[PDB]
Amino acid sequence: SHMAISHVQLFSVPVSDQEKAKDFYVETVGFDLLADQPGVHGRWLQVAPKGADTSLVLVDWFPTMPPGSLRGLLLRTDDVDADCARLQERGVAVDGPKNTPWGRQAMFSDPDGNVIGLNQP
């Protein structure tokens, strides 16, 4: 009848130095470390905002996704101004916050240059 898909489980973020990316997403951005799993196929590094249904895999093994190539990623936050102040204190350049029709937004990049947005609806 209808599909049994509930949500996006995860998607991939292309990085170079995975240790550097781990420290960034976990320590600086504040995500939980869900898994850090070396194996035959590479190091599976998985992170998410605490309690979030959809997680991020910090991957270096997809040739069609060069490190730092990701754009158009937006994180929902309940306090964009406080998050921007924290990021700035933690050594991250933040563009914003700014008001938009869809919420108050800010932009920053990770160590490889992937572009990450924040939005407080």
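The first residue of the shown sequence is 1; numbering continues from there. Between two forms, the rigid core is the largest collection of C-alphas that superpose within 1.5 Å.
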**OP:** Could you say which moves further from this form in 5 other deposited structures of this protein, stretch 57-65 or stretch 35-43, by root mean square CA distance after aligning on the core?
**Re:** 35-43
Original post:
Is the mean CA B factor in the deposited entry higher across 92-100 or across 65-73?
Top reply: 92-100
**OP:** Please work out which of 44-52 and 77-85 has the higher mean CA B-factor as recorded in the PDB entry.
**Re:** 77-85
Original post:
When you compare the CA B-factors of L118, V115, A4, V8 as listed in the entry, which one comes out on top?
Top reply: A4
